[PDB]
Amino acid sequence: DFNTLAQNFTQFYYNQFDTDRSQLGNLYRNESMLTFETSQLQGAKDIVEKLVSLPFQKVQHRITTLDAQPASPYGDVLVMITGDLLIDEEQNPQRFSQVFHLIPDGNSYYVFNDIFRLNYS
């Protein structure tokens, strides 16, 4: 159910991030907030700017866990993801944790909350 909906949107999101992150703007809105580790941004413009500023040439997201729950009785969804992030030609991946608060929009969603952290052992 919510896992399927979250699976579809989340996969679409990461596919776009790994393909061309400069085109992620349409998945965010003016009210959207991104906490990228220690960086705090608001709005599609600043959010995408931060993601594009990441100095890597290639990146691959590898999901290891995905869980979703309705965030309220009104259609919004909370999704938590953990996985591996392969940067450039690096052999050893970096662990990450991310949470999205998705708001219904048309036949899909837009991201209201985006919290991202790389996790170190």
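When you see a residue number, it is the position in the sequence shown, counting from 1.
S.K.: For the C-alpha atoms alone, is the average B factor greater in 13 to 21 or in 97 to 105, going by the entry?
M.R.: Per the deposited B-factors, the answer is 13 to 21.
S.K.: Pick between 2 to 10 and 112 to 120: the one whose mean CA B-factor in the entry is higher.
M.R.: Between 2 to 10 and 112 to 120, it is 2 to 10.
S.K.: Out of 91, 65, 69, 32, which shows the largest CA B-factor listed in the entry?
M.R.: When the deposited C-alpha B-factors of 91, 65, 69, 32 are compared, 91 is largest.
S.K.: Determine which member of 56, 74, 36, 28 has the highest CA B-factor, using the values in the deposited entry.
M.R.: Comparing C-alpha B-factors across 56, 74, 36, 28, the maximum falls on 56.
S.K.: Grab the CA temperature factor for residue 42 from the record and place it in the lowest, middle or highest third of its chain.
M.R.: For residue 42, the deposited C-alpha B-factor lands in the middle third.
S.K.: Tell me, lowest, middle or highest third: where does the Cα B factor of residue 85 rank within its chain?
M.R.: Middle third of the chain for residue 85's C-alpha B-factor.
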